[PDB]
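Okay, entry-v1.csv is below, CSV, C-alpha atoms:
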chain,number,residue,atom,x,y,z
J,202,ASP,CA,131.9,100.3,88.3
J,203,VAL,CA,128.7,99.3,90.1
J,204,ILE,CA,126.9,102.5,89.0
J,205,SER,CA,128.1,102.0,85.4
J,206,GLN,CA,127.0,98.4,85.3
J,207,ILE,CA,123.6,99.3,86.8
J,208,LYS,CA,123.2,102.0,84.1
J,209,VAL,CA,124.2,99.5,81.3
J,210,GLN,CA,122.0,96.6,82.6
J,211,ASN,CA,118.9,98.6,83.6
J,212,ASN,CA,118.2,100.3,80.3
J,213,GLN,CA,115.3,100.6,77.9
J,214,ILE,CA,116.9,99.6,74.7
J,215,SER,CA,114.6,100.2,71.7
J,216,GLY,CA,115.0,97.3,69.3
J,217,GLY,CA,112.9,98.6,66.5
J,218,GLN,CA,110.7,96.8,64.0
J,219,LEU,CA,111.4,93.5,62.0
J,220,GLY,CA,110.2,95.0,58.8
J,221,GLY,CA,109.3,98.7,58.8
J,222,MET,CA,109.1,101.7,56.7
J,223,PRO,CA,110.8,102.0,54.2
J,224,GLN,CA,110.1,98.3,53.8
J,225,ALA,CA,110.8,96.1,50.8
J,226,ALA,CA,108.1,95.2,48.3
J,227,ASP,CA,106.1,92.0,48.8
J,228,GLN,CA,106.9,92.3,52.6
J,229,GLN,CA,104.2,90.4,54.6
J,230,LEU,CA,105.7,90.5,58.1
J,231,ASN,CA,105.6,93.3,60.7
J,232,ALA,CA,106.5,92.9,64.4
J,233,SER,CA,108.3,94.8,67.1
J,234,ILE,CA,111.7,93.8,68.5
J,235,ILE,CA,112.3,93.6,72.3
J,236,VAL,CA,116.0,93.7,73.4
J,237,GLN,CA,116.0,94.9,77.0
J,238,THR,CA,113.7,96.1,79.7
J,239,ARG,CA,114.1,97.8,83.1
J,240,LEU,CA,114.5,95.5,86.0
J,241,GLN,CA,111.6,95.0,88.4
J,242,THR,CA,112.6,93.0,91.5
J,243,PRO,CA,115.7,93.1,93.8
J,244,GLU,CA,116.4,89.5,92.8
J,245,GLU,CA,117.0,90.7,89.2
J,246,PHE,CA,119.1,93.6,90.4
J,247,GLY,CA,121.3,91.3,92.5
J,248,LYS,CA,122.1,89.3,89.4
J,249,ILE,CA,123.7,92.2,87.5
J,250,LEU,CA,127.1,91.0,86.2
J,251,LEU,CA,129.9,93.2,87.4
J,252,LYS,CA,132.9,91.2,86.0
C,2,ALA,CA,58.2,156.3,75.9
C,3,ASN,CA,55.3,158.2,74.4
C,4,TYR,CA,57.2,161.4,74.1
C,5,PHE,CA,58.8,160.3,70.8
C,6,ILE,CA,55.4,160.8,69.1
C,7,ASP,CA,55.9,164.5,69.5
C,8,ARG,CA,59.5,164.3,68.2
C,9,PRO,CA,59.7,162.3,65.0
C,10,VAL,CA,63.2,163.6,64.2
C,11,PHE,CA,64.6,162.1,67.4
C,12,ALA,CA,63.2,158.7,66.5
C,13,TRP,CA,64.6,159.0,62.9
C,14,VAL,CA,68.0,160.0,64.3
C,15,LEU,CA,68.0,157.0,66.6
C,16,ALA,CA,67.1,154.7,63.7
C,17,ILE,CA,69.9,156.2,61.6
C,18,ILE,CA,72.4,155.7,64.5
C,19,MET,CA,71.2,152.1,64.9
C,20,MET,CA,71.7,151.5,61.1
C,21,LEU,CA,75.2,153.1,61.1
C,22,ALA,CA,76.2,151.1,64.1
C,23,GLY,CA,74.9,147.9,62.5
C,24,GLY,CA,76.8,148.6,59.3
C,25,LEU,CA,80.0,149.2,61.3
C,26,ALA,CA,79.4,145.9,63.2
C,27,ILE,CA,78.9,144.0,60.0
C,28,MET,CA,82.0,145.6,58.5
C,29,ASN,CA,84.2,144.2,61.3
C,30,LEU,CA,82.6,141.1,62.9
C,31,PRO,CA,84.4,137.7,63.0
C,32,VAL,CA,82.7,135.0,61.1
C,33,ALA,CA,83.0,131.2,61.4
C,34,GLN,CA,81.1,128.0,60.8
C,35,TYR,CA,80.8,127.4,64.6
C,36,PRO,CA,82.1,129.1,67.7
C,37,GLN,CA,84.4,127.5,70.3
C,38,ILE,CA,82.2,124.7,71.5
C,39,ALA,CA,84.6,122.0,72.7
C,40,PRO,CA,86.3,122.5,76.1
C,41,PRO,CA,90.0,123.5,75.7
C,42,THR,CA,92.4,120.5,75.4
C,43,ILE,CA,96.2,120.5,75.5
C,44,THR,CA,98.2,117.8,73.7
C,45,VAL,CA,101.7,116.7,74.7
C,46,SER,CA,103.4,114.7,71.9
C,47,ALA,CA,106.7,112.9,72.4
C,48,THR,CA,108.6,110.7,69.9
C,49,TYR,CA,110.9,107.7,70.8
C,50,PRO,CA,112.4,106.5,67.5
C,51,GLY,CA,112.3,102.7,67.5
P,253,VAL,CA,142.6,104.9,57.5
P,254,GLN,CA,144.0,101.4,56.9
P,255,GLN,CA,147.7,100.4,57.3
P,256,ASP,CA,147.8,100.1,53.5
P,257,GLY,CA,146.9,103.8,53.2
P,258,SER,CA,143.5,103.5,51.4
P,259,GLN,CA,140.9,105.8,52.9
P,260,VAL,CA,137.7,104.3,54.2
P,261,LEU,CA,134.8,106.6,53.6
P,262,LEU,CA,131.1,106.5,54.6
P,263,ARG,CA,130.1,105.7,51.1
P,264,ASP,CA,132.2,102.6,51.3
P,265,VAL,CA,130.1,101.2,54.1
P,266,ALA,CA,126.7,102.9,53.6
P,267,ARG,CA,124.3,104.5,51.2
P,268,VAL,CA,123.7,108.2,51.8
P,269,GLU,CA,120.5,109.6,50.4
P,270,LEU,CA,118.2,112.6,50.9
P,271,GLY,CA,115.2,110.7,52.3
P,272,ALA,CA,112.4,111.4,54.8
P,273,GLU,CA,112.3,111.9,58.5
P,274,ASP,CA,109.1,109.8,59.0
P,275,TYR,CA,108.6,107.0,56.5
P,276,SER,CA,105.5,105.5,58.2
P,277,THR,CA,102.8,107.3,56.1
P,278,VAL,CA,101.7,107.0,52.5
P,279,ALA,CA,99.6,110.0,51.3
P,280,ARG,CA,97.9,109.7,48.0
P,281,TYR,CA,95.5,112.1,46.2
P,282,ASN,CA,93.4,110.3,43.5
P,283,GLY,CA,96.2,107.7,43.5
P,284,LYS,CA,99.0,110.2,43.1
P,285,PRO,CA,101.6,111.2,45.8
P,286,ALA,CA,100.6,114.4,47.6
P,287,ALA,CA,101.1,116.4,50.8
P,288,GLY,CA,98.6,118.7,52.4
P,289,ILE,CA,98.2,121.6,54.9
P,290,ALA,CA,95.4,122.4,57.3
P,291,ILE,CA,94.8,126.1,58.1
P,292,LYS,CA,93.1,126.6,61.5
P,293,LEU,CA,92.2,130.3,61.4
P,294,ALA,CA,92.5,132.8,64.3
P,295,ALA,CA,90.4,134.5,66.9
P,296,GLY,CA,88.6,137.7,65.8
P,297,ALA,CA,89.3,136.9,62.1
P,298,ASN,CA,87.0,136.9,59.2
P,299,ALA,CA,86.7,133.4,57.7
P,300,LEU,CA,85.7,134.8,54.3
P,301,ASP,CA,88.5,137.3,53.7
P,302,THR,CA,91.0,134.9,55.3
Any chance you could give the structure as structure tokens?
Amino acid sequence: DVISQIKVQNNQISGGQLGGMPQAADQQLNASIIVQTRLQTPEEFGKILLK
Amino acid sequence: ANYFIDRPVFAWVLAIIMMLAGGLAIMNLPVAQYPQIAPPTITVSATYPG
Amino acid sequence: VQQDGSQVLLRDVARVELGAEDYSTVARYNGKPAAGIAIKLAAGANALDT
């Protein structure tokens, strides 16, 4: 359970782009989406939710 | 050296051999705009969709 | 498959279309859609006959 939770909560989820090819006409916004990033400090690791 | 003056046929034969070798070279010699000037570089490309 | 019995298909939830792999490039030749190829020659080859 600990290994699976670490794998789930220490991932590199690729959100994508808020408006990207093929985009709609008259589209005037383009930005990247950030969902998750890999943890960096033991304090963050110790806060992983097991249950 | 100077001994070709006594033997014109040897000089003419050498000239003919040179011309034939040059024609053979021109027949099969690679041509290009420029030779390999840039140092070799290797490119590694990876894609992570999204 | 629902309890009613009607079959749920992919076309019922999505649009399936023969599209492109990479959509992030618009290539136009004189304003018209186009695609190109670059030929990089070989070593020991004749650039004229090639």
Check every residue of chain J for an atom within 12 Å of chain P, counting all atoms listed in the file, and provide those that qualify as a PyMOL selection string.
chain J and resi 218+220-224
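Here atom CA of residue 291 of chain P and atom CA of residue 25 of chain C stand 27.6 Å from one another.
Contacts from chain C to chain P at a cut-off of 12 Å (only C-alpha atoms) map to residues 27, 28, 29, 30, 31, 32, 33, 34, 35, 36, 37, 48, 50 and 51 of chain C.
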Restricted to C-alpha atoms, what would the selected residues look like written as a CSV table (one decimal), in the frame of the given file?
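Result file result-v2.csv:
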chain,number,residue,atom,x,y,z
C,27,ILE,CA,78.9,144.0,60.0
C,28,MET,CA,82.0,145.6,58.5
C,29,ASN,CA,84.2,144.2,61.3
C,30,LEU,CA,82.6,141.1,62.9
C,31,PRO,CA,84.4,137.7,63.0
C,32,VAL,CA,82.7,135.0,61.1
C,33,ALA,CA,83.0,131.2,61.4
C,34,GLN,CA,81.1,128.0,60.8
C,35,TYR,CA,80.8,127.4,64.6
C,36,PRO,CA,82.1,129.1,67.7
C,37,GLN,CA,84.4,127.5,70.3
C,48,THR,CA,108.6,110.7,69.9
C,50,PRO,CA,112.4,106.5,67.5
C,51,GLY,CA,112.3,102.7,67.5
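Computed from the coordinates, the atom CA of residue 206 of chain J to atom CA of residue 251 of chain J distance equals 6.3 Å.
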Each chain J residue no farther than 7 Å from chain C, nearest pair in Å, all atoms listed in the file, as CSV:
residue,atom,partner,partner_atom,distance
J:215,CA,C:51,CA,5.4
J:216,CA,C:51,CA,6.3
J:217,CA,C:51,CA,4.3
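Straight-line separation from atom CA of residue 292 of chain P to atom CA of residue 43 of chain C: 15.6 Å.
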Polymer residues at most 10 Å from residue 278 of chain P, all atoms listed in the file, same-chain spacing of 4 or more positions, as a PyMOL selection string
chain P and resi 285-287
Can I get segment 258-292 of chain P with N, CA and C atoms filled in, as a compact mmCIF listing (two decimals), in the frame of the given file?
# COMPACT_ATOMS: atom_id res chain seq x y z
N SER P 258 144.80 103.21 51.97
CA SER P 258 143.50 103.50 51.40
C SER P 258 142.57 104.10 52.42
N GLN P 259 141.85 105.16 52.04
CA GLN P 259 140.90 105.80 52.90
C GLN P 259 139.58 105.17 52.92
N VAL P 260 139.05 104.87 54.10
CA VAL P 260 137.70 104.30 54.20
C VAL P 260 136.74 105.45 54.44
N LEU P 261 135.76 105.58 53.55
CA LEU P 261 134.80 106.60 53.60
C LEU P 261 133.42 106.07 53.97
N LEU P 262 132.49 106.97 54.30
CA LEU P 262 131.10 106.50 54.60
C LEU P 262 130.47 105.83 53.48
N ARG P 263 130.66 106.35 52.26
CA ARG P 263 130.10 105.70 51.10
C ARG P 263 130.58 104.32 50.85
N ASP P 264 131.72 103.96 51.43
CA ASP P 264 132.20 102.60 51.30
C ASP P 264 131.50 101.61 52.18
N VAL P 265 130.77 102.08 53.19
CA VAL P 265 130.10 101.20 54.10
C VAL P 265 128.57 101.46 54.16
N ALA P 266 128.07 102.49 53.49
CA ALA P 266 126.70 102.90 53.60
C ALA P 266 126.21 103.61 52.38
N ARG P 267 124.90 103.69 52.22
CA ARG P 267 124.30 104.50 51.20
C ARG P 267 123.69 105.73 51.75
N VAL P 268 124.16 106.87 51.27
CA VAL P 268 123.70 108.20 51.80
C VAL P 268 122.74 108.76 50.78
N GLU P 269 121.57 109.17 51.29
CA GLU P 269 120.50 109.60 50.40
C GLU P 269 119.62 110.61 51.12
N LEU P 270 119.15 111.60 50.37
CA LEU P 270 118.20 112.60 50.90
C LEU P 270 116.83 111.92 50.95
N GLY P 271 116.48 111.42 52.12
CA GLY P 271 115.20 110.70 52.30
C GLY P 271 114.27 111.49 53.21
N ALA P 272 113.38 110.78 53.90
CA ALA P 272 112.40 111.40 54.80
C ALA P 272 112.70 111.16 56.22
N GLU P 273 112.14 112.03 57.07
CA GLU P 273 112.30 111.90 58.50
C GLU P 273 111.36 110.75 59.02
N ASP P 274 110.08 110.82 58.66
CA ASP P 274 109.10 109.80 59.00
C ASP P 274 108.64 109.10 57.78
N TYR P 275 108.95 107.81 57.70
CA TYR P 275 108.60 107.00 56.50
C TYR P 275 107.27 106.27 56.70
N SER P 276 106.63 106.35 57.86
CA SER P 276 105.50 105.50 58.20
C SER P 276 104.15 106.25 57.85
N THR P 277 104.02 106.74 56.61
CA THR P 277 102.80 107.30 56.10
C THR P 277 102.79 107.47 54.63
N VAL P 278 101.76 106.96 53.96
CA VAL P 278 101.70 107.00 52.50
C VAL P 278 100.44 107.89 52.18
N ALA P 279 100.68 109.09 51.67
CA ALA P 279 99.60 110.00 51.30
C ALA P 279 99.42 110.05 49.83
N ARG P 280 98.21 109.76 49.37
CA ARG P 280 97.90 109.70 48.00
C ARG P 280 96.62 110.54 47.69
N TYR P 281 96.65 111.34 46.63
CA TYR P 281 95.50 112.10 46.20
C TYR P 281 95.07 111.59 44.82
N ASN P 282 93.92 110.92 44.76
CA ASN P 282 93.40 110.30 43.50
C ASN P 282 94.45 109.27 43.01
N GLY P 283 95.21 108.64 43.90
CA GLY P 283 96.20 107.70 43.50
C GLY P 283 97.60 108.26 43.28
N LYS P 284 97.75 109.60 43.34
CA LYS P 284 99.00 110.20 43.10
C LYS P 284 99.64 110.74 44.39
N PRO P 285 100.97 110.75 44.52
CA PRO P 285 101.60 111.20 45.80
C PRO P 285 101.26 112.70 46.00
N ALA P 286 101.03 113.04 47.27
CA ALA P 286 100.60 114.40 47.60
C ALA P 286 100.91 114.67 49.08
N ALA P 287 100.98 115.95 49.41
CA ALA P 287 101.10 116.40 50.80
C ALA P 287 100.14 117.61 50.95
N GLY P 288 99.56 117.73 52.15
CA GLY P 288 98.60 118.70 52.40
C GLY P 288 98.87 119.57 53.62
N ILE P 289 98.15 120.69 53.73
CA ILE P 289 98.20 121.60 54.90
C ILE P 289 96.82 121.93 55.33
N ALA P 290 96.65 122.02 56.64
CA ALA P 290 95.40 122.40 57.30
C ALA P 290 95.60 123.79 57.93
N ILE P 291 94.76 124.75 57.56
CA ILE P 291 94.80 126.10 58.10
C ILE P 291 93.70 126.22 59.15
N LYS P 292 94.05 126.69 60.35
CA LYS P 292 93.10 126.60 61.50
C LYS P 292 92.60 127.98 61.92
